[PDB]
């Protein structure tokens, strides 16, 4: 019914109805004009002729290693390239944000209501004849069939980039501070009102929760000591609400900032490490500032840990997953003379693409044990049994699964994968190809081009008929990986700009925050600027075990 149902406006032109059966494309600042914003301005043809494709740039970043070594060791040159990386990657995201699950046009409600995830692409209107707009059949193919045919794991496929369980659980722990769906309201709603890296998964989303978690001495968070080792306090001792099945002993219900972190020992491992890190930073600050009170010690340490998180995420975590030989750098100063908005709104599509469940193994191997999913979930006794040191050593050694490439979702979480499909449809996501165009990628012209093989493509052809009807979420998991890579093109090109905004958009990266006094002086500042996944583990885990995001 809506004349904009067919998504006729190209190159980010905006579609507006002008009657029951007519539309107008607003081509303002797109660089194109004409009825559908497809005629390039002269400068546009110049830009287009020059810009390399994402696969070309990926090739360059993953080759000429000898050259990247030269670059990485020349400070001013590394800075220069990172500066370019930053600006190149930061023009695709609407900031201030625009659409959401209930608004396919800009509105004050969509802007102002922080309970929604934002949307990179507006939803397919409710009165459109087909789920994707006007293409395809009345209903999309059975989600169970999609799941069973091309997503479910047959044999475990290891990640060729060598990602390990330290990587998988770091991804889970880190992202679950800003992916926190409010199931009461619906899949298009979030409980993470900070919309980014605020460390609410350590400190609590609300002030009441934070205060229940705090010791109110020396800036510290409450903790218990068990067999000489520091662990989170209990629900019983703190009244911090946590999600635990009823059969869990009171003494095993650890209470942390994020209420779902009792779900798996690997989340609780990271919760425990960051808890120790907070109190460690508290000791350092108290040493540097014997005149400070508890409140300032707490707040300053939180700012420092936010800093360390952003640092580690960029220079270790994103560094590893990218596969780049270029050494990414966390340096807010690089944006100070550039246009950039210090703010972020978490996109629904970012949440959706980040469902990296293929990472998980069939069993979790710690020391000489192999835990099934059933044994592993909600089982903090496993953490106490083995200890943090053994957990790190074991997770560092265990390979994670490949995410793109298809057929690698562990069956234990098949309901989760089905729900990602079903809820994408519920939220009226536009198709894979629309999202590809939205991120300046070439539309796939066949299912074989998407997968790079023939068997899964054939299954999908039979299911969807038209590549233009293929959905974003399953596509991300069946996409042809880059050579020996964990992800395909669509995953990287969508994930990167969302991730950048969540990290650099933090206020601590703004010029008035990014200075020593914000972090209690040069000592606190140095903690941020020297942070690494290895140092986080070395400072807080007995014996300073070697760790890394890849298997050795």
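What we label the rigid core is the largest C-alpha set whose atoms superpose within 1.5 Å from one form to the other. Numbering follows the first chain given and starts at 1.
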{"property": "Rigid core superposition result in 6 other deposited structures of this protein, more deviant of 323 to 331, 79 to 87 by Cα", "result": "79 to 87"}
{"property": "Core-fitted comparison in 6 other deposited structures of this protein, 68 to 76 vs 442 to 450, farther C-alphas", "result": "68 to 76"}
{"property": "Which of 50 to 58 and 488 to 496 has higher mean CA B factor, as the PDB entry lists it", "result": "50 to 58"}
{"property": "Stretch with the higher entry mean CA B-factor, where the candidates are 288 to 296 and 368 to 376", "result": "368 to 376"}
{"property": "Residue, from 280, 211, 201, 135, that the PDB entry assigns the highest Cα B-factor", "result": "135"}
{"property": "Deposited CA B-factor, highest of 345, 119, 461, 106", "result": "461"}
{"property": "Among modelled residues of the same chain, the CA temperature factor third for residue 439", "result": "middle"}
{"property": "Assigned third (lowest, middle, highest) for the C-alpha B factor of residue 43", "result": "highest"}
{"property": "Chain thirds of CA B-factor: placement of residue 547", "result": "lowest"}
{"property": "CA B-factor ranking of residue 234, expressed as a third of its chain", "result": "middle"}
{"property": "Chain thirds of CA B-factor: placement of residue 363", "result": "middle"}
